[PDB]
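Residue numbers (the deposited numbering), protein chains in the order written: chain X, 27 to 69, 80 to 143, 165 to 172, 186 to 245, 263 to 299; chain S, 300 to 623, 633 to 676, 689 to 744; chain A, 696 to 827, 854 to 1140; chain U, 943 to 1091. Where a beta carbon is used, it is the ideal one built from N, C-alpha and C, also for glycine. One structure is given here, and the rest of the page talks about it.
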Amino acid sequence: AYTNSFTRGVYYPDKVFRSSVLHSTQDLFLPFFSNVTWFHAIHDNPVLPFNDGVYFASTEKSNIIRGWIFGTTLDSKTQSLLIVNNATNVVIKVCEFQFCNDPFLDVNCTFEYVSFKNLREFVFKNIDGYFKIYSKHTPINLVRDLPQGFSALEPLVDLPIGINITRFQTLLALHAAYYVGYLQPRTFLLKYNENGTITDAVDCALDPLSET
Amino acid sequence: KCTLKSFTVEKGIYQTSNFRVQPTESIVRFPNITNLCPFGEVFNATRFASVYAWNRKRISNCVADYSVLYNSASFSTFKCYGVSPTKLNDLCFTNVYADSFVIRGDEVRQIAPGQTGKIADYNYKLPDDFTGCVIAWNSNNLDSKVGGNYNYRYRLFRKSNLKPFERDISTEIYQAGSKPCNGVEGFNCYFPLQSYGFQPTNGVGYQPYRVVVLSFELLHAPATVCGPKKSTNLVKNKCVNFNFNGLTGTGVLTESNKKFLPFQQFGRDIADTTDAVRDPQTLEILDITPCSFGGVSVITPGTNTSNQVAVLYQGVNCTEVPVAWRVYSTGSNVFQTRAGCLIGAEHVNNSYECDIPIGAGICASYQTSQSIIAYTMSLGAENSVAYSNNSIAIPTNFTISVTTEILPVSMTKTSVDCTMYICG
Amino acid sequence: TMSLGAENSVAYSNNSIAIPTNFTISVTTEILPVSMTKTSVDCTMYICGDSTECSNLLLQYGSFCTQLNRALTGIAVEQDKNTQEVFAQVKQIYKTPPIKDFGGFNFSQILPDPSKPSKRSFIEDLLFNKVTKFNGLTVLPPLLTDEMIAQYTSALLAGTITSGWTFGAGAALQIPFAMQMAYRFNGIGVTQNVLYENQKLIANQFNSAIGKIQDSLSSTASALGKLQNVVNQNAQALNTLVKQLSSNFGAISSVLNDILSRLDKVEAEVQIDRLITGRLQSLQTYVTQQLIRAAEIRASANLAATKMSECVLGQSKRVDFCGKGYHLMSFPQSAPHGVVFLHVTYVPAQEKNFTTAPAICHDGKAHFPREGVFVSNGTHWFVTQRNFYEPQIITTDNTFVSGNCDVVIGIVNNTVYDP
Amino acid sequence: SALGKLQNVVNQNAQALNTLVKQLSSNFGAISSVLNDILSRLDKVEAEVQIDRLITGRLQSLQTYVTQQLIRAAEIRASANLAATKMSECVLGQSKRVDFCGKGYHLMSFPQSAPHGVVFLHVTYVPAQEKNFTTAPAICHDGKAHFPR
Ligand SMILES: *[C@@H]1O[C@H](CO)[C@@H](O[C@@H]2O[C@H](CO)[C@@H](O)[C@H](O)[C@H]2NC(C)=O)[C@H](O)[C@H]1NC(C)=O
Ligand SMILES: *[C@@H]1O[C@H](CO)[C@@H](O[C@@H]2O[C@H](CO)[C@@H](O)[C@H](O)[C@H]2NC(C)=O)[C@H](O)[C@H]1NC(C)=O
Ligand SMILES: *[C@@H]1O[C@H](CO)[C@@H](O[C@@H]2O[C@H](CO)[C@@H](O)[C@H](O)[C@H]2NC(C)=O)[C@H](O)[C@H]1NC(C)=O
Ligand SMILES: *[C@@H]1O[C@H](CO)[C@@H](O[C@@H]2O[C@H](CO)[C@@H](O)[C@H](O)[C@H]2NC(C)=O)[C@H](O)[C@H]1NC(C)=O
Ligand SMILES: *[C@@H]1O[C@H](CO)[C@@H](O[C@@H]2O[C@H](CO)[C@@H](O)[C@H](O)[C@H]2NC(C)=O)[C@H](O)[C@H]1NC(C)=O
Ligand SMILES: *[C@@H]1O[C@H](CO)[C@@H](O)[C@H](O)[C@H]1NC(C)=O
Ligand SMILES: *[C@@H]1O[C@H](CO)[C@@H](O)[C@H](O)[C@H]1NC(C)=O
Ligand SMILES: *[C@@H]1O[C@H](CO)[C@@H](O)[C@H](O)[C@H]1NC(C)=O
Ligand SMILES: *[C@@H]1O[C@H](CO)[C@@H](O)[C@H](O)[C@H]1NC(C)=O
Ligand SMILES: *[C@@H]1O[C@H](CO)[C@@H](O)[C@H](O)[C@H]1NC(C)=O
Ligand SMILES: *[C@@H]1O[C@H](CO)[C@@H](O)[C@H](O)[C@H]1NC(C)=O
Ligand SMILES: *[C@@H]1O[C@H](CO)[C@@H](O)[C@H](O)[C@H]1NC(C)=O
Ligand SMILES: *[C@@H]1O[C@H](CO)[C@@H](O)[C@H](O)[C@H]1NC(C)=O
Ligand SMILES: *[C@@H]1O[C@H](CO)[C@@H](O)[C@H](O)[C@H]1NC(C)=O
Ligand SMILES: *[C@@H]1O[C@H](CO)[C@@H](O)[C@H](O)[C@H]1NC(C)=O
Ligand SMILES: *[C@@H]1O[C@H](CO)[C@@H](O)[C@H](O)[C@H]1NC(C)=O
Ligand SMILES: *[C@@H]1O[C@H](CO)[C@@H](O)[C@H](O)[C@H]1NC(C)=O
């Protein structure tokens, strides 16, 4: 199952303020008007390969999704990234153990850290060996698809974990929709406004006018 | 006089110098952490790991007195790349990593950027622009045990050619056999962990050497590993020298409404140069300018008329150059203009035609009591044609003018024998 | 495949002429650059950023930074000179008369407006509205301010309106404007009674043609393209020179203080020499392209000064030199970095065929026109001036004689009258 | 100071040549400005590194001079074409072109030679001593309009 990304999946590329400038930079970004894989909250939560990095988003009203797992193999042999919001806190850990084996969450792990209408958006990538997370929340009103428009995701964390991620999966509260696409290296044009908000962008490779 | 290589100067306006406001104070601001970095855990641990299994440690959020390591004369090498070794006590970093192991002393060569050989190709590698320090010392007092410390091991071979900072632990036999080796030795089929017999009686290169590689997460981003450094009281709205976390500069530090999101640490200009910082100990967004500067145009009649002189400081206000030359800054009178601050020249309202040009309609001349005067130039005299719908004027006489005009037509023909010029 | 325009066959013969029976005035804009933005750069501050260590090292290159200063100072000074060459030709500030009865012609769009904060015309404000860093770089004022330029375009225009050619050669002489246009018409082979017999039509065409130019200048910025290029190019060259501060040239950083803080001299000075070598080569590149671009403007300034003297101060005979059609008169208007001319020209407008012959025989003698041309309506023979149909009876006044009929190709018989 | 337009061309060439000679004295990062020092001091294997700095520096100084002279010669050539034009139009003729052959109404021009240049003496008529008159564009007599020749 699929739909179209349009111009979703921009994030602040560097820890810097700029304003009133059409600045441009090269990084892993979601390519414009590319397809995305489509899912909804029935039975719908398989393991996925991670590639060079994941754009992930979900449209919810009640937090059906509570977390994610990432790693080589999720196997109780190697320390593997676990992410949860445990209703009181954001929680992050690198467990080997299948203490819960399935994506089901009930209604020695070295590194650890703690802190439809709701569209949650994320970008996950690994560079420096560090796991880098970018985020957004917004109200939405379109039912089937990622809403055609623009919003730049904000950084969260830059975690020293060093994991060979090749696979990942999401985690569900058990006794809404979600979407996936993959980053690629692109040069982007980025529109920093007067208040230093990224307000619009161009995927230069998209078509000959975008190159122009 | 010296600007023109001459003992005599003609009437004009001359460039002579580029003035700059000097820094009034030297600010330092720093990450606020005080806990000393864990160098005892790095350098004085019971064993460093086997060289195929080289250990790694993160250093973060601590104060790094590298003088401690620099004074450790036991270091058979203390080589650094991208930093001169003593500068580590003031330069600072986001994180630093220590890699560590014991090696055969002969093979210490391979612990440098661009190296080749069994370790460099198969079990430890530095990147081509390795930034940081390599430390090694003879450890034959500890890591030799009459050969019986055979725990220290490396690849002879394997076709898995190694990346910089690649960890590996694999014990699989080299599979490249005359037959697929599949757990059984033979031609190319060998176990992947050749060893050092660390005897105290080893030759000085066969002996064990302990190793530390400090590799630096050296970036403009938030520093957390930093040398011991004072943080001063702040100065605002005045020209100062400054340092923030290792970021040097000179400028006016000033208050701002640059609305940094919580992750944004620096403001950048349109040409992407730093123009604001969040103070590391106060978290105010300081907006920043260079300290004030400008050309020093000297205005003079010819020396053959007078030695008396005036100065134009271009672009700057008089209120930002109240310095002290001594006399030619107090000047008895000083006139602000659209071109800059003008000192010593006497302002006058009478609009003569222009003599020495300042700019933006201002000119200067030497005049009566003699002084350099400055005034708004005339455009020429005013006139009013008596136009009326039936009125004509006709000349009743004439005069024949002779008017000179002068044109260049040629310039000196020359040639240069460029081998005789260059090579003599 | 592009078309080179409409295809036309002219109805030529050994005996056919077309003569225009009516005219139109027109007013055509021409725009010229005169003076680009006056820059200056201290190479010592640009290259070395107040590092004394770097500054000492830069002295090994000798007289480079002093000659690059001298070169940009040469360019920067002649921008005032160009602006002096073009506008400051008039030796007095002539001012406009208080009464506007210029025979019905209406200059109120191009004369200065006293309501304005800076004393510009209505049309000069359209021009001014259509036309659109600290690293040891500097930018300098012109000598003449934009308000002073508007005084010279006021003076040139007031002298032209009130006194014709005369204020160029001598002192300005008053003359009624209707007579000034009669003597301009008489300069293009159209007999001056053609103006007086049509003065209200001509004034109505002229006032309407001035009116259309506000609408032209309101319609598009693309008309100002020549001036807008000057602004674009110097801003593009400067931003290229500023971004070059960030380039590595193979040094470990382009922020010079990184080298000076991370490294001691024996390592540092080679890295500093890469940045020096880079920035100095990049600054020679900027200065060299400015010297070439300055000469490109200089030829445009000397062309503008030539049109100012040959057209505004006179009446140019030279085809297409001051507007298409037969040239009558021109008015300057001031603008950002340049000048605008409103050339006024006469265009013949309604063609008619006539039969023609080079000569007439009458008394056994060949007759030729003293001025103008022989023509016939198919029964009668007349003479007319060349540029406007005005048929007159042929007489010994408007003709002169040379020899017997027999030598001329295509002579025709008619009477010639003797009054 | 009338002849500054010629004297400047002499001064600019003197300045350019002196600057071109003086750049022989600059080190360009070699151990000496004088090539015989390196050849008397150093073994060839090291001298070939030092000399490459002097070649690079001296060559960059020479290219700058030649580039500059190409531009300066193009300015003189524009002035020479203009001089040749005033020669044909003002000396061999009489010009209708306002202010081209000197200020006023043009009569005649005489050339005189000068170093690196030419000087013209333009001879021009200039009107003087106005009187006012009343005027009218036409005359009426017998009801006909008469206009002047
Ligand atoms: C990163 O993980 C991947 C698997 O998630 C590793 O590659 C595979 O390793 C298995 C043996 O464990 C091989 O059979 C496969 O052939 C490998 N995959 C491919 C595409 O060849 C990979 O080696 C890991 N790398 C590191 C540095 O940990
Ligand atoms: C010459 O052409 C002009 C138009 O370009 C004619 O002027 C118009 O004449 C008619 C009457 O014939 C008027 O209604 C219009 O208002 C006139 N136009 C203007 C702008 O005033 C003119 O008549 C022609 N001349 C001759 C002799 O035919
Ligand atoms: C000269 O022409 C201008 C327009 O070019 C005339 O200005 C108009 O004047 C009337 C009042 O007479 C106003 O109602 C209009 O609004 C004015 N037009 C504009 C564009 O402002 C002016 O009247 C003419 N003067 C003479 C003496 O002919
Ligand atoms: C050629 O022009 C002449 C003058 O306009 C015309 O001759 C006059 O014609 C009118 C009638 O249209 C007569 O009343 C006059 O007596 C004629 N005058 C003379 C001196 O003969 C002539 O008709 C025109 N011919 C054509 C073919 O148009
Ligand atoms: C022009 O008029 C003359 C008469 O004034 C014509 O001359 C006659 O021409 C014929 C034929 O050549 C001769 O037979 C006569 O002897 C000529 N007479 C005279 C007095 O010369 C002449 O032909 C006319 N030409 C045209 C083209 O009209
Ligand atoms: C996106 O997926 C659809 C199937 O749902 C496919 O038909 C389409 O070709 C894909 N998009 C592009 C741009 O090819
Ligand atoms: C979430 O984890 C924290 C410890 O980090 C714990 O105190 C809290 O009780 C947990 N909440 C739930 C609902 O498990
Ligand atoms: C704990 O993790 C380490 C690696 O981090 C591993 O060596 C060890 O075998 C693990 N122990 C258990 C009980 O899984
Ligand atoms: C900047 O943000 C403020 C609120 O923080 C908003 O009111 C203002 O309109 C914005 N200005 C611009 C130029 O975007
Ligand atoms: C290591 O131990 C010795 C004493 O055995 C001590 O003098 C030295 O300061 C220690 N060095 C570090 C880096 O902790
Ligand atoms: C930094 O430390 C000083 C004392 O050294 C203290 O006064 C100040 O509150 C601290 N600030 C922060 C943000 O830690
Ligand atoms: C220099 O002095 C002489 C007399 O000694 C005088 O004629 C000349 O005008 C003076 N010129 C200047 C520029 O002072
Ligand atoms: C000069 O500085 C003063 C304040 O020191 C300021 O009031 C004034 O407006 C400034 N004038 C100019 C022309 O910069
Ligand atoms: C010059 O003019 C100003 C007003 O513009 C006046 O205050 C001042 O007294 C005048 N000074 C002289 C020397 O005339
Ligand atoms: C002139 O007459 C010829 C007769 O063939 C005709 O072709 C042409 O169009 C006419 N031109 C004008 C200006 O009347
Ligand atoms: C003019 O040309 C016509 C044919 O086009 C011819 O009959 C006639 O003789 C010619 N006349 C002259 C004077 O050339
Ligand atoms: C011509 O007469 C008028 C009368 O008002 C006068 O203004 C003008 O100055 C006189 N011009 C000459 C040249 O006498």
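query: Span separating the alpha-carbon of residue 719 (chain S) from that of residue 1047 (chain U); result: 11 Å
query: Best match in A:892, A:951 and A:997 for proximity to residue 1069 (chain U) [C-alpha to C-alpha]; result: A:892
query: Where residue 394 (chain S) falls: helix, strand or coil (DSSP); result: coil
query: Pair within 8 Å by beta-carbon distance, residue 952 (chain A) and residue 1058 (chain A); result: yes
query: CB contact check: residue 896 (chain U) to chain A, cutoff 8 Å; result: Because chain U is modelled from 943 through 1091, residue 896 (chain U) falls outside the range shown and cannot be assessed.
query: The alpha helix (DSSP H) enclosing residue 295 (chain X), as first and last residue numbers; result: 295-298
query: Within-8 Å CB hit, residue 1077 (chain U) to chain S; result: yes
query: Outcome for residue 968 (chain U) when other beta-carbon atoms lying within 10 angstroms are tallied against a minimum of 16; result: buried
query: Ligand 13 site residues, beta-carbon cut 6 Å against heavy atoms; result: S:616, S:618 and S:644
query: Closer than 7 Å at the beta carbon, the chain U residues around residue 738 (chain S); result: 1004
query: Under the three-state DSSP convention, the category residue 979 (chain A) falls into; result: helix
query: Residue 1039 (chain U), DSSP secondary structure in three states; result: coil
query: Bounding residues of the beta strand (DSSP E) (the contiguous stretch that carries residue 1139 (chain A)); result: Here residue 1139 (chain A) belongs to no beta strand (DSSP E), and DSSP marks it neither H nor E.
query: Inter-stretch contact at 8 Å, needing at least 3 Cβ pairs: the stretch 803-811 of chain A / the stretch 1012-1019 of chain A; result: no
query: Length of the line joining the Cα atoms of residue 1044 (chain U) and residue 1010 (chain A); result: 35 Å
query: Collapsed DSSP secondary structure at residue 1087 (chain A) in the structure displayed; result: strand
query: Contacts around residue 978 (chain A), its chain only, beta-carbon distance under 8 Å, and the 5 residues preceding and following it disregarded; result: 744 and 746
query: Rounded separation between residue 585 (chain S) and residue 613 (chain S) - CA only; result: 28 Å
query: 4-residue-minimum alpha helix (DSSP H) runs that sit fully inside the stretch 866-944 of chain A, ordered along the chain; result: 867-884, 887-890, 898-906, 914-917 and 920-940
query: Cβ contact check for the stretch 493-507 of chain S and the stretch 384-399 of chain S: 3 or more pairs under 8 Å; result: no
query: Contact with chain U by residue 309 (chain S), beta-carbon distance below 8 Å; result: no
query: Per DSSP, the bridge partner or partners of residue 38 (chain X); result: Partner(s): none; residue 38 (chain X) has no beta bridge.
query: Where residue 738 (chain S) falls, given that 16 or more other Cβ within 10 Å makes a residue buried; result: exposed
query: Paired residues, beta bridge with residue 92 (chain X) - DSSP; result: X:192 and X:267
query: Inter-stretch contact (C-beta, 8 Å, three-pair minimum) for the stretch 475-490 of chain S and the stretch 361-370 of chain S; result: no
query: Sheet register partners of residue 485 (chain S) (DSSP bridge); result: Per DSSP, none; premise fails for residue 485 (chain S).
query: Closer than 6 Å: residues whose CB approaches a heavy atom of ligand 8; result: X:115, X:132, X:165 and X:167
query: Beta-carbon contacts of residue 303 (chain S) that lie in its chain and below 8 Å, excluding the five residues immediately before and after; result: 313
query: Helix, strand or coil at residue 1031 (chain A) [DSSP, three-state]; result: helix
query: Bridge partners - residue 242 (chain X), DSSP secondary structure assignment; result: X:101 and X:140
query: Neighbour-count burial assignment, residue 241 (chain X), 16 or more Cβ in a 10 Å radius; result: buried
query: For residue 536 (chain S) and residue 551 (chain S), believed in contact at Cβ under 8 Å, the rounded distance; result: 7 Å
query: Residue 948 (chain A) versus residue 726 (chain A) - alpha carbon distance; result: 8 Å
query: Closer than 8 Å to chain X by CB, residue 468 (chain S); result: no
query: Straight-line gap, residue 867 (chain A) to residue 860 (chain A) (C-alpha atoms, nearest Å); result: 16 Å
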